[PDB]
Amino acid sequence: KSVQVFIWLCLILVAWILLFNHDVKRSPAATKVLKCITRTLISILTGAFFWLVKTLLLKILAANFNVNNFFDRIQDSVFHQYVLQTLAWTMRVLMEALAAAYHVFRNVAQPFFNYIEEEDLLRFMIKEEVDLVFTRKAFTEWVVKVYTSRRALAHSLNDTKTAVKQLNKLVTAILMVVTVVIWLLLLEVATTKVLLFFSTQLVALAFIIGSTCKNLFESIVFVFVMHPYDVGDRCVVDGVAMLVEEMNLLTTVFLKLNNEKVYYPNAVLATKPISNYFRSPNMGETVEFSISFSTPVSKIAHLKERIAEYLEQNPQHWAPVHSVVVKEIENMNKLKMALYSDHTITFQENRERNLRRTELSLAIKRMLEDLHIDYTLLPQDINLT
Amino acid sequence: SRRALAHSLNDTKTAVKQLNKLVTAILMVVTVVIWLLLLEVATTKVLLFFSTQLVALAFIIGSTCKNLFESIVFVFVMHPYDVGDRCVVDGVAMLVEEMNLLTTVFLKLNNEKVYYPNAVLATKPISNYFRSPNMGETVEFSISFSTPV
Amino acid sequence: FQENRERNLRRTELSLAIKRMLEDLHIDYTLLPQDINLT
């Protein structure tokens with residue numbers, strides 16, 4: 001549509017030029033109005049060109065956001081469509097997009113059949129599709145997680161579109177003001193001295209508003225170019241973890257682990273390093289405990305074996321790979337012990353992370369108690385008088 | 001090591017491609033404006049207005065362009081690390097992940113993903129384990145003063 | 001230190017070895033004695 005209107009207007013301009021190109025001086029007054037009309041036509045042509053470049057910039061930014069998120073958005077949409085069947089166009093579908101779901105899934109599944117009913121899936125989709133898509137409770141939890149992910153994707157799309165809309169509003173404002181001032185200058189309405197006074201006033205306007213414009217440009221470069229996180233991602237800034245809430249071009253809204261709302265200037269964030277749990281691989285855990293220096297090495301080997309068996313017998317929570325080390329020896333009485341193991345998830349699920357860590361710590365405490373590993377204070381020599 | 005080398009080559013090529021895209025953009029805009037000026041299409045006053053608007057565009061975008069140029073100078077000229085190298089920044093060890101011209105992605109020892117502005121890294125000192133020689137170890141223990149020599 | 005896990009495992013092994021060697025030699029640490037006057 002943009003190129004269509006542009007070519008229409010340029011054809012209008014060239015047609016006007018061809019008709020009046022002939023040297024036919026109807027009247028001196030006619031020449032003045034003809035010059036004014038020509039200047040206005042070329043001014044609106046420049047305005048249309050500015051509109052074209054504006055829409056090109058906005059569309060390339062939208063395409064970058066698409067290459068960033070729309071792939072996962074379409075994947076989630078396809079997964080939701082497949083789940084519903086068992087129980088551009090993609091952009092439009094994404095924009096359009098608990099207990100009840102679990103009850104519906106249970107009703108669909110055959111009574112007294114914990115596993116997913118293959119017959120029901122076969123009647124609704126192909127066997128290969130059902131296998132690719134694939135305990136009723138686990139299926140319900142996965143469906144709830146997929147619904148939450150789709151809601152988060154929709155919120156992220158809305159945030160991106162709102163940021164793009166605000167950027168479009170700002171760019172359109174500057175474009176319109178530039179177009180009107182260009183039309184005024186081409187009409188040649190002001191004298192030289194007044195034009196110089198306007199020039200120095202524009203220089204002062206620049207000197208003043210340019211600091212905030214630089215801040216704004218840095219913020220949008222951080223938001224779009226760097227693009228460190230999406231809406232709903234749990235991120236750490238200056239050592240404190242939060243959750244992304246909004247995507248304003250000049251600020252970002254965060255929720256702390258206590259649900260406290262926070263506001264951060266995007267320019268300030270650009271200077272700081274940013275960490276993202278959602279985009280990170282499976283995260284690592286660490287537990288610290290202390291034991292006496294007199295502990296035999298055999299007990300340490302037994303503890304290592306118990307840790308290994310406990311970690312390998314719980315693959316749904318912990319990866320088999322793990323390490324146990326000694327940090328330092330204090331006064332030849334205390335040994336500092338550290339365990340390292342990786343979850344099957346990231347720190348995005350903070351509550352699940354903490355529950356799993358508590359379970360692992362209690363398990364390690366029980367294993368240490370079983371092995372009779374003890375800690376002791378250094379004996380004190382007292383001389384009476 | 002071969003996989004890491006391939007990843008490093010891909011990261012370098014992607015950084016070069018982004019740099020090429022940016023340079024091509026500025027080159028194309030400069031070429032079209034040069035063509036317009038040589039065609040002599042605009043009047044003097046409109047040209048002066050365009051000149052002051054370009055001056056304002058410079059005043060605004062030049063801070064970010066300076067940051068970008070510092071970042072690319074740090075990435076290419078200084079070149080302190082490669083992809084997959086384990087480096088220490090501000091006392092914390094990490095692993096290089098990506099080689100963006102304006103940012104670098106790191107993985108901490110807990111596998112946590114981190115983002116650092118390349119301009120900020122340029123100001124800080126950087127340590128690299130991969131490029132370092134065989135490293136030294138140290139162990140501390142305490143004993144009584146009455147211990148015989 | 002690129003192989004952080006191997007580095008830490010080797011350091012732990014060395015620390016345990018040093019602990020065993022110190023225990024064999026009967027090298028000990030002691031707190032300073034405290035003088036107490038009853039009333």
# chains A, B, ... in the order shown; residues from 1 in each chain; ligands from 1
$ interface_residues --of "chain A" --to "chain B" --cutoff "9 Å" --atoms "only C-alpha atoms" --output "PDB file with N, CA, C and O atoms, in the first residue's frame"
ATOM      1  N   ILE A 182       9.348  21.726   6.141  1.00  0.00           N
ATOM      2  CA  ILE A 182       9.860  21.683   4.773  1.00  0.00           C
ATOM      3  C   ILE A 182       8.907  22.403   3.830  1.00  0.00           C
ATOM      4  O   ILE A 182       9.334  23.146   2.938  1.00  0.00           O
ATOM      5  N   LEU A 185       9.359  26.131   4.357  1.00  0.00           N
ATOM      6  CA  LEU A 185      10.595  26.632   3.762  1.00  0.00           C
ATOM      7  C   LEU A 185      10.491  26.691   2.243  1.00  0.00           C
ATOM      8  O   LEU A 185      10.924  27.669   1.622  1.00  0.00           O
ATOM      9  N   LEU A 186       9.919  25.655   1.626  1.00  0.00           N
ATOM     10  CA  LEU A 186       9.762  25.657   0.177  1.00  0.00           C
ATOM     11  C   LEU A 186       8.815  26.758  -0.280  1.00  0.00           C
ATOM     12  O   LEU A 186       9.016  27.340  -1.352  1.00  0.00           O
ATOM     13  N   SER A 199      16.590  29.409  13.282  1.00  0.00           N
ATOM     14  CA  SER A 199      17.689  28.450  13.261  1.00  0.00           C
ATOM     15  C   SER A 199      18.359  28.352  14.624  1.00  0.00           C
ATOM     16  O   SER A 199      18.640  27.250  15.109  1.00  0.00           O
ATOM     17  N   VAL A 203      18.561  25.270  17.217  1.00  0.00           N
ATOM     18  CA  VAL A 203      19.817  24.817  17.805  1.00  0.00           C
ATOM     19  C   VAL A 203      19.671  24.676  19.316  1.00  0.00           C
ATOM     20  O   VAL A 203      20.155  23.708  19.913  1.00  0.00           O
ATOM     21  N   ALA A 206      17.596  21.633  20.083  1.00  0.00           N
ATOM     22  CA  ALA A 206      18.471  20.470  20.023  1.00  0.00           C
ATOM     23  C   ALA A 206      19.307  20.358  21.290  1.00  0.00           C
ATOM     24  O   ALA A 206      19.307  19.318  21.951  1.00  0.00           O
ATOM     25  N   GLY A 210      18.178  17.071  23.277  1.00  0.00           N
ATOM     26  CA  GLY A 210      19.032  16.035  22.731  1.00  0.00           C
ATOM     27  C   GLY A 210      19.558  15.074  23.773  1.00  0.00           C
ATOM     28  O   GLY A 210      19.826  13.916  23.465  1.00  0.00           O
ATOM     29  N   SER A 211      19.706  15.528  25.017  1.00  0.00           N
ATOM     30  CA  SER A 211      20.113  14.611  26.077  1.00  0.00           C
ATOM     31  C   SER A 211      19.053  13.536  26.292  1.00  0.00           C
ATOM     32  O   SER A 211      19.357  12.335  26.329  1.00  0.00           O
ATOM     33  N   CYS A 213      16.748  12.737  24.126  1.00  0.00           N
ATOM     34  CA  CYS A 213      16.655  11.955  22.897  1.00  0.00           C
ATOM     35  C   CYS A 213      17.761  10.908  22.826  1.00  0.00           C
ATOM     36  O   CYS A 213      17.536   9.794  22.345  1.00  0.00           O
ATOM     37  N   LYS A 214      18.962  11.249  23.295  1.00  0.00           N
ATOM     38  CA  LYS A 214      20.050  10.282  23.362  1.00  0.00           C
ATOM     39  C   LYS A 214      19.712   9.157  24.330  1.00  0.00           C
ATOM     40  O   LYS A 214      19.954   7.980  24.042  1.00  0.00           O
ATOM     41  N   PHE A 217      17.151   6.975  22.567  1.00  0.00           N
ATOM     42  CA  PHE A 217      17.746   6.171  21.504  1.00  0.00           C
ATOM     43  C   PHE A 217      18.572   5.029  22.080  1.00  0.00           C
ATOM     44  O   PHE A 217      18.542   3.905  21.568  1.00  0.00           O
ATOM     45  N   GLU A 218      19.326   5.298  23.148  1.00  0.00           N
ATOM     46  CA  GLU A 218      20.056   4.225  23.811  1.00  0.00           C
ATOM     47  C   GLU A 218      19.098   3.168  24.339  1.00  0.00           C
ATOM     48  O   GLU A 218      19.363   1.964  24.233  1.00  0.00           O
ATOM     49  N   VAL A 221      17.791   1.114  21.427  1.00  0.00           N
ATOM     50  CA  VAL A 221      18.844   0.227  20.946  1.00  0.00           C
ATOM     51  C   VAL A 221      19.003  -0.963  21.882  1.00  0.00           C
ATOM     52  O   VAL A 221      19.166  -2.100  21.426  1.00  0.00           O
ATOM     53  N   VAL A 225      17.941  -3.951  19.564  1.00  0.00           N
ATOM     54  CA  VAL A 225      19.180  -4.534  19.059  1.00  0.00           C
ATOM     55  C   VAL A 225      19.716  -5.579  20.029  1.00  0.00           C
ATOM     56  O   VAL A 225      19.900  -6.747  19.668  1.00  0.00           O
ATOM     57  N   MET A 226      19.975  -5.178  21.275  1.00  0.00           N
ATOM     58  CA  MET A 226      20.492  -6.120  22.261  1.00  0.00           C
ATOM     59  C   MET A 226      19.458  -7.193  22.582  1.00  0.00           C
ATOM     60  O   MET A 226      19.758  -8.392  22.534  1.00  0.00           O
ATOM     61  N   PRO A 228      17.901  -8.462  25.355  1.00  0.00           N
ATOM     62  CA  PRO A 228      18.401  -9.489  26.283  1.00  0.00           C
ATOM     63  C   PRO A 228      17.322 -10.383  26.876  1.00  0.00           C
ATOM     64  O   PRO A 228      17.652 -11.485  27.333  1.00  0.00           O
ATOM     65  N   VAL A 236      18.176 -11.508  36.332  1.00  0.00           N
ATOM     66  CA  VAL A 236      18.924 -11.028  37.489  1.00  0.00           C
ATOM     67  C   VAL A 236      19.652  -9.754  37.090  1.00  0.00           C
ATOM     68  O   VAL A 236      20.389  -9.737  36.097  1.00  0.00           O
ATOM     69  N   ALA A 270      21.079  -0.583  30.093  1.00  0.00           N
ATOM     70  CA  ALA A 270      22.023  -0.809  29.003  1.00  0.00           C
ATOM     71  C   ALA A 270      23.460  -0.838  29.505  1.00  0.00           C
ATOM     72  O   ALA A 270      24.294  -1.568  28.957  1.00  0.00           O
ATOM     73  N   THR A 271      23.769  -0.055  30.541  1.00  0.00           N
ATOM     74  CA  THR A 271      25.131  -0.024  31.063  1.00  0.00           C
ATOM     75  C   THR A 271      25.443  -1.256  31.904  1.00  0.00           C
ATOM     76  O   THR A 271      26.606  -1.666  31.989  1.00  0.00           O
ATOM     77  N   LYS A 272      24.420  -1.862  32.534  1.00  0.00           N
ATOM     78  CA  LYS A 272      24.652  -2.971  33.445  1.00  0.00           C
ATOM     79  C   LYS A 272      24.614  -4.305  32.705  1.00  0.00           C
ATOM     80  O   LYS A 272      23.948  -4.431  31.672  1.00  0.00           O
ATOM     81  N   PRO A 273      25.319  -5.318  33.209  1.00  0.00           N
ATOM     82  CA  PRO A 273      25.161  -6.665  32.649  1.00  0.00           C
ATOM     83  C   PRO A 273      23.837  -7.276  33.079  1.00  0.00           C
ATOM     84  O   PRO A 273      23.334  -7.006  34.172  1.00  0.00           O
ATOM     85  N   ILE A 274      23.274  -8.110  32.208  1.00  0.00           N
ATOM     86  CA  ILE A 274      21.955  -8.692  32.414  1.00  0.00           C
ATOM     87  C   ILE A 274      22.051 -10.204  32.269  1.00  0.00           C
ATOM     88  O   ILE A 274      22.711 -10.711  31.355  1.00  0.00           O
ATOM     89  N   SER A 275      21.391 -10.919  33.177  1.00  0.00           N
ATOM     90  CA  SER A 275      21.313 -12.371  33.147  1.00  0.00           C
ATOM     91  C   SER A 275      19.861 -12.798  32.975  1.00  0.00           C
ATOM     92  O   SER A 275      18.945 -12.158  33.499  1.00  0.00           O
ATOM     93  N   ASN A 276      19.659 -13.888  32.237  1.00  0.00           N
ATOM     94  CA  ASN A 276      18.324 -14.387  31.915  1.00  0.00           C
ATOM     95  C   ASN A 276      18.259 -15.868  32.263  1.00  0.00           C
ATOM     96  O   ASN A 276      19.039 -16.667  31.736  1.00  0.00           O
ATOM     97  N   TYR A 277      17.328 -16.232  33.150  1.00  0.00           N
ATOM     98  CA  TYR A 277      17.139 -17.639  33.486  1.00  0.00           C
ATOM     99  C   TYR A 277      16.419 -18.393  32.376  1.00  0.00           C
ATOM    100  O   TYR A 277      16.758 -19.547  32.093  1.00  0.00           O
ATOM    101  N   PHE A 278      15.427 -17.764  31.741  1.00  0.00           N
ATOM    102  CA  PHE A 278      14.627 -18.466  30.743  1.00  0.00           C
ATOM    103  C   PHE A 278      15.483 -18.925  29.569  1.00  0.00           C
ATOM    104  O   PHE A 278      15.316 -20.044  29.069  1.00  0.00           O
ATOM    105  N   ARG A 279      16.404 -18.076  29.114  1.00  0.00           N
ATOM    106  CA  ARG A 279      17.252 -18.408  27.976  1.00  0.00           C
ATOM    107  C   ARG A 279      18.459 -19.255  28.358  1.00  0.00           C
ATOM    108  O   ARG A 279      19.170 -19.725  27.464  1.00  0.00           O
ATOM    109  N   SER A 280      18.708 -19.460  29.648  1.00  0.00           N
ATOM    110  CA  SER A 280      19.875 -20.207  30.083  1.00  0.00           C
ATOM    111  C   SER A 280      19.629 -21.710  29.979  1.00  0.00           C
ATOM    112  O   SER A 280      18.485 -22.168  30.041  1.00  0.00           O
ATOM    113  N   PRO A 281      20.695 -22.508  29.817  1.00  0.00           N
ATOM    114  CA  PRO A 281      20.524 -23.968  29.853  1.00  0.00           C
ATOM    115  C   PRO A 281      20.161 -24.453  31.247  1.00  0.00           C
ATOM    116  O   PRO A 281      19.994 -23.640  32.162  1.00  0.00           O
ATOM    117  N   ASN A 282      20.037 -25.767  31.423  1.00  0.00           N
ATOM    118  CA  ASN A 282      19.748 -26.316  32.742  1.00  0.00           C
ATOM    119  C   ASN A 282      20.782 -25.826  33.746  1.00  0.00           C
ATOM    120  O   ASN A 282      21.990 -25.939  33.520  1.00  0.00           O
ATOM    121  N   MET A 283      20.300 -25.282  34.857  1.00  0.00           N
ATOM    122  CA  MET A 283      21.156 -24.589  35.806  1.00  0.00           C
ATOM    123  C   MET A 283      21.785 -25.566  36.794  1.00  0.00           C
ATOM    124  O   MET A 283      21.350 -26.710  36.943  1.00  0.00           O
ATOM    125  N   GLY A 284      22.826 -25.091  37.471  1.00  0.00           N
ATOM    126  CA  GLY A 284      23.573 -25.898  38.422  1.00  0.00           C
ATOM    127  C   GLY A 284      23.213 -25.542  39.853  1.00  0.00           C
ATOM    128  O   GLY A 284      22.913 -24.389  40.163  1.00  0.00           O
ATOM    129  N   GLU A 285      23.246 -26.550  40.720  1.00  0.00           N
ATOM    130  CA  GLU A 285      22.967 -26.386  42.138  1.00  0.00           C
ATOM    131  C   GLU A 285      24.233 -26.621  42.951  1.00  0.00           C
ATOM    132  O   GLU A 285      25.165 -27.294  42.503  1.00  0.00           O
ATOM    133  N   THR A 286      24.262 -26.053  44.155  1.00  0.00           N
ATOM    134  CA  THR A 286      25.395 -26.212  45.053  1.00  0.00           C
ATOM    135  C   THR A 286      24.913 -26.228  46.497  1.00  0.00           C
ATOM    136  O   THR A 286      24.086 -25.403  46.896  1.00  0.00           O
ATOM    137  N   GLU A 328      38.478 -25.939  51.791  1.00  0.00           N
ATOM    138  CA  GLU A 328      39.665 -25.577  52.553  1.00  0.00           C
ATOM    139  C   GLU A 328      39.625 -26.285  53.900  1.00  0.00           C
ATOM    140  O   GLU A 328      38.614 -26.878  54.285  1.00  0.00           O
ATOM    141  N   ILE A 329      40.746 -26.211  54.612  1.00  0.00           N
ATOM    142  CA  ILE A 329      40.898 -26.804  55.936  1.00  0.00           C
ATOM    143  C   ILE A 329      41.140 -25.668  56.920  1.00  0.00           C
ATOM    144  O   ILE A 329      42.100 -24.902  56.767  1.00  0.00           O
ATOM    145  N   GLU A 330      40.276 -25.559  57.925  1.00  0.00           N
ATOM    146  CA  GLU A 330      40.346 -24.486  58.909  1.00  0.00           C
ATOM    147  C   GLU A 330      40.832 -25.036  60.243  1.00  0.00           C
ATOM    148  O   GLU A 330      40.183 -25.903  60.836  1.00  0.00           O
ATOM    149  N   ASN A 331      41.971 -24.526  60.710  1.00  0.00           N
ATOM    150  CA  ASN A 331      42.548 -24.927  61.993  1.00  0.00           C
ATOM    151  C   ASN A 331      42.755 -26.437  62.080  1.00  0.00           C
ATOM    152  O   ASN A 331      42.873 -26.992  63.177  1.00  0.00           O
ATOM    153  N   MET A 332      42.810 -27.117  60.933  1.00  0.00           N
ATOM    154  CA  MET A 332      42.997 -28.568  60.896  1.00  0.00           C
ATOM    155  C   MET A 332      41.913 -29.261  61.728  1.00  0.00           C
ATOM    156  O   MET A 332      42.088 -30.370  62.235  1.00  0.00           O
ATOM    157  N   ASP A 342      23.294 -30.525  38.669  1.00  0.00           N
ATOM    158  CA  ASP A 342      22.472 -29.720  37.777  1.00  0.00           C
ATOM    159  C   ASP A 342      21.030 -30.207  37.811  1.00  0.00           C
ATOM    160  O   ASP A 342      20.775 -31.414  37.738  1.00  0.00           O
ATOM    161  N   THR A 346      15.591 -24.817  34.718  1.00  0.00           N
ATOM    162  CA  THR A 346      16.302 -23.597  35.063  1.00  0.00           C
ATOM    163  C   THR A 346      15.733 -22.999  36.348  1.00  0.00           C
ATOM    164  O   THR A 346      14.826 -23.550  36.976  1.00  0.00           O
ATOM    165  N   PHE A 347      16.281 -21.850  36.738  1.00  0.00           N
ATOM    166  CA  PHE A 347      15.793 -21.121  37.901  1.00  0.00           C
ATOM    167  C   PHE A 347      14.530 -20.322  37.605  1.00  0.00           C
ATOM    168  O   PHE A 347      14.068 -19.577  38.476  1.00  0.00           O
TER     169      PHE A 347
END
$ closest_atom_pairs --of "range 122-145 of chain B" --to "range 72-87 of chain B" --cutoff "12 Å" --atoms "only C-alpha atoms" --output "tab-separated table"
residue	atom	partner	partner_atom	distance
B:122	CA	B:74	CA	5.8
B:123	CA	B:74	CA	9.4
B:124	CA	B:74	CA	10.9
B:125	CA	B:80	CA	9.7
B:126	CA	B:87	CA	7.1
B:127	CA	B:87	CA	5.4
B:128	CA	B:87	CA	4.4
B:129	CA	B:86	CA	5.6
B:130	CA	B:85	CA	5.5
B:131	CA	B:81	CA	8.0
B:132	CA	B:87	CA	10.2
$ write_last_selection --atoms "N, CA, C and O atoms" --output "CSV table (one decimal), in the first residue's frame"
chain,number,residue,atom,x,y,z
B,122,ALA,N,35.3,-3.2,27.5
B,122,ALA,CA,36.6,-2.6,27.0
B,122,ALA,C,37.3,-1.8,28.1
B,122,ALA,O,38.5,-1.8,28.2
B,123,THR,N,36.5,-1.3,29.1
B,123,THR,CA,37.1,-0.5,30.2
B,123,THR,C,37.7,-1.4,31.2
B,123,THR,O,38.6,-1.0,31.9
B,124,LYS,N,37.1,-2.6,31.4
B,124,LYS,CA,37.6,-3.5,32.4
B,124,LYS,C,38.7,-4.4,32.0
B,124,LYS,O,38.9,-4.7,30.8
B,125,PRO,N,39.6,-4.8,32.9
B,125,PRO,CA,40.6,-5.8,32.6
B,125,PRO,C,40.0,-7.2,32.4
B,125,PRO,O,39.0,-7.6,33.1
B,126,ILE,N,40.5,-8.0,31.5
B,126,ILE,CA,40.0,-9.3,31.1
B,126,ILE,C,41.1,-10.4,31.3
B,126,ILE,O,42.2,-10.2,30.9
B,127,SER,N,40.7,-11.5,31.9
B,127,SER,CA,41.6,-12.7,32.0
B,127,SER,C,41.0,-13.8,31.3
B,127,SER,O,39.8,-14.0,31.2
B,128,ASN,N,41.9,-14.6,30.7
B,128,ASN,CA,41.6,-15.8,29.8
B,128,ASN,C,42.3,-17.0,30.3
B,128,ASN,O,43.6,-17.0,30.4
B,129,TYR,N,41.6,-18.0,30.7
B,129,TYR,CA,42.2,-19.3,31.1
B,129,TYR,C,42.7,-20.1,29.9
B,129,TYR,O,43.8,-20.7,30.0
B,130,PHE,N,42.0,-20.1,28.8
B,130,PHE,CA,42.4,-20.9,27.7
B,130,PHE,C,43.8,-20.5,27.1
B,130,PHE,O,44.6,-21.3,26.8
B,131,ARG,N,44.0,-19.2,27.1
B,131,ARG,CA,45.3,-18.7,26.5
B,131,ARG,C,46.4,-18.6,27.6
B,131,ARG,O,47.5,-18.4,27.2
B,132,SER,N,46.1,-18.9,28.8
B,132,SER,CA,47.1,-18.8,29.9
B,132,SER,C,47.9,-20.1,29.9
B,132,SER,O,47.5,-21.2,29.5
$ closest_atom_pairs --of "chain C" --to "chain B" --cutoff "8 Å" --atoms "only C-alpha atoms" --output "tab-separated table"
residue	atom	partner	partner_atom	distance
C:1	CA	B:129	CA	5.8
C:2	CA	B:129	CA	5.6
C:11	CA	B:137	CA	7.7
C:15	CA	B:139	CA	7.1
C:27	CA	B:147	CA	6.9
C:28	CA	B:143	CA	6.1
C:29	CA	B:144	CA	4.4
C:30	CA	B:144	CA	6.0
$ write_last_selection --atoms "N, CA, C and O atoms" --output "PDB file, in the first residue's frame"
ATOM      1  N   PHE C   1      42.851 -23.694  34.179  1.00  0.00           N
ATOM      2  CA  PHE C   1      41.555 -23.686  34.844  1.00  0.00           C
ATOM      3  C   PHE C   1      40.393 -23.803  33.864  1.00  0.00           C
ATOM      4  O   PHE C   1      39.235 -23.707  34.286  1.00  0.00           O
ATOM      5  N   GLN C   2      40.674 -24.002  32.574  1.00  0.00           N
ATOM      6  CA  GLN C   2      39.603 -24.200  31.603  1.00  0.00           C
ATOM      7  C   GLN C   2      38.745 -25.399  31.987  1.00  0.00           C
ATOM      8  O   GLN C   2      37.511 -25.340  31.938  1.00  0.00           O
ATOM      9  N   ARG C  11      42.335 -30.611  42.939  1.00  0.00           N
ATOM     10  CA  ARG C  11      42.591 -29.854  44.159  1.00  0.00           C
ATOM     11  C   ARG C  11      42.056 -30.586  45.382  1.00  0.00           C
ATOM     12  O   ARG C  11      42.708 -30.617  46.431  1.00  0.00           O
ATOM     13  N   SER C  15      44.262 -31.899  48.489  1.00  0.00           N
ATOM     14  CA  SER C  15      43.958 -31.479  49.853  1.00  0.00           C
ATOM     15  C   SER C  15      43.775 -32.683  50.767  1.00  0.00           C
ATOM     16  O   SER C  15      44.271 -32.700  51.900  1.00  0.00           O
ATOM     17  N   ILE C  27      51.153 -33.990  63.277  1.00  0.00           N
ATOM     18  CA  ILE C  27      51.191 -32.540  63.422  1.00  0.00           C
ATOM     19  C   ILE C  27      49.826 -32.059  63.895  1.00  0.00           C
ATOM     20  O   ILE C  27      48.788 -32.405  63.320  1.00  0.00           O
ATOM     21  N   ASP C  28      49.823 -31.251  64.952  1.00  0.00           N
ATOM     22  CA  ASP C  28      48.591 -30.908  65.645  1.00  0.00           C
ATOM     23  C   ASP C  28      48.478 -29.398  65.796  1.00  0.00           C
ATOM     24  O   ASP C  28      49.474 -28.668  65.760  1.00  0.00           O
ATOM     25  N   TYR C  29      47.236 -28.941  65.962  1.00  0.00           N
ATOM     26  CA  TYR C  29      46.924 -27.558  66.293  1.00  0.00           C
ATOM     27  C   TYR C  29      46.232 -27.524  67.647  1.00  0.00           C
ATOM     28  O   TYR C  29      45.519 -28.461  68.019  1.00  0.00           O
ATOM     29  N   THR C  30      46.446 -26.437  68.385  1.00  0.00           N
ATOM     30  CA  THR C  30      45.937 -26.320  69.744  1.00  0.00           C
ATOM     31  C   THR C  30      45.437 -24.907  70.000  1.00  0.00           C
ATOM     32  O   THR C  30      46.021 -23.933  69.514  1.00  0.00           O
TER      33      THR C  30
END
$ interface_residues --of "chain C" --to "chain A" --cutoff "7 Å" --atoms "only C-alpha atoms" --output "PDB file with N, CA, C and O atoms, in the first residue's frame"
ATOM      1  N   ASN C   8      39.042 -28.735  40.094  1.00  0.00           N
ATOM      2  CA  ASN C   8      38.506 -28.884  41.441  1.00  0.00           C
ATOM      3  C   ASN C   8      38.709 -30.295  41.975  1.00  0.00           C
ATOM      4  O   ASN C   8      39.030 -30.467  43.155  1.00  0.00           O
ATOM      5  N   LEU C   9      38.529 -31.314  41.132  1.00  0.00           N
ATOM      6  CA  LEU C   9      38.747 -32.686  41.581  1.00  0.00           C
ATOM      7  C   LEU C   9      40.204 -32.908  41.972  1.00  0.00           C
ATOM      8  O   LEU C   9      40.495 -33.523  43.006  1.00  0.00           O
ATOM      9  N   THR C  12      40.866 -31.180  45.268  1.00  0.00           N
ATOM     10  CA  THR C  12      40.308 -31.944  46.379  1.00  0.00           C
ATOM     11  C   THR C  12      41.185 -33.146  46.705  1.00  0.00           C
ATOM     12  O   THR C  12      41.436 -33.449  47.879  1.00  0.00           O
ATOM     13  N   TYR C  29      47.236 -28.941  65.962  1.00  0.00           N
ATOM     14  CA  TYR C  29      46.924 -27.558  66.293  1.00  0.00           C
ATOM     15  C   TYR C  29      46.232 -27.524  67.647  1.00  0.00           C
ATOM     16  O   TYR C  29      45.519 -28.461  68.019  1.00  0.00           O
ATOM     17  N   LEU C  31      44.352 -24.805  70.764  1.00  0.00           N
ATOM     18  CA  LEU C  31      43.896 -23.515  71.255  1.00  0.00           C
ATOM     19  C   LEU C  31      44.757 -23.068  72.432  1.00  0.00           C
ATOM     20  O   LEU C  31      45.323 -23.886  73.162  1.00  0.00           O
ATOM     21  N   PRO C  33      45.731 -22.025  76.049  1.00  0.00           N
ATOM     22  CA  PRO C  33      45.117 -22.361  77.339  1.00  0.00           C
ATOM     23  C   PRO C  33      44.529 -21.129  78.007  1.00  0.00           C
ATOM     24  O   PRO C  33      45.035 -20.014  77.854  1.00  0.00           O
ATOM     25  N   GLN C  34      43.449 -21.341  78.754  1.00  0.00           N
ATOM     26  CA  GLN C  34      42.738 -20.267  79.434  1.00  0.00           C
ATOM     27  C   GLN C  34      42.895 -20.422  80.940  1.00  0.00           C
ATOM     28  O   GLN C  34      42.638 -21.499  81.489  1.00  0.00           O
ATOM     29  N   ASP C  35      43.314 -19.347  81.601  1.00  0.00           N
ATOM     30  CA  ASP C  35      43.460 -19.334  83.050  1.00  0.00           C
ATOM     31  C   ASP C  35      42.164 -18.848  83.684  1.00  0.00           C
ATOM     32  O   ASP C  35      41.669 -17.766  83.351  1.00  0.00           O
ATOM     33  N   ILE C  36      41.619 -19.650  84.595  1.00  0.00           N
ATOM     34  CA  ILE C  36      40.347 -19.361  85.248  1.00  0.00           C
ATOM     35  C   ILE C  36      40.575 -19.323  86.751  1.00  0.00           C
ATOM     36  O   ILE C  36      41.166 -20.249  87.317  1.00  0.00           O
ATOM     37  N   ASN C  37      40.107 -18.254  87.393  1.00  0.00           N
ATOM     38  CA  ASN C  37      40.207 -18.080  88.838  1.00  0.00           C
ATOM     39  C   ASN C  37      38.802 -18.169  89.423  1.00  0.00           C
ATOM     40  O   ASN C  37      37.951 -17.318  89.141  1.00  0.00           O
ATOM     41  N   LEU C  38      38.563 -19.195  90.236  1.00  0.00           N
ATOM     42  CA  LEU C  38      37.257 -19.391  90.842  1.00  0.00           C
ATOM     43  C   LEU C  38      37.064 -18.435  92.017  1.00  0.00           C
ATOM     44  O   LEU C  38      38.010 -17.833  92.532  1.00  0.00           O
TER      45      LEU C  38
END
$ atom_distance --atom1 "CA of residue 289 in chain A" --atom2 "CA of residue 24 in chain C"
25.2 Å
$ select_by_dssp --residues "range 356-385 of chain A" --states "alpha helix (DSSP H)" --output "list in words"
residues 356, 357, 358, 359, 360, 361, 362, 363, 364, 365, 366, 367, 368, 369, 370 and 371 of chain A
$ closest_residue --among "A:90, A:266, A:38, A:69" --to "residue 155 in chain A" --atoms "only C-alpha atoms"
A:69
$ residues_around --residues "range 12-24 of chain B" --least-positions-apart "3" --cutoff "7 Å" --atoms "only C-alpha atoms" --output "PyMOL selection string"
chain B and resi 8-9+27-28+99-101
$ atom_distance --atom1 "CA of residue 19 in chain A" --atom2 "CA of residue 47 in chain A"
23.0 Å
$ select_by_dssp --residues "range 253-378 of chain A" --states "strand (DSSP E)" --output "PyMOL selection string"
chain A and resi 253-256+261-265+274-276+284-292+318-330+334-343
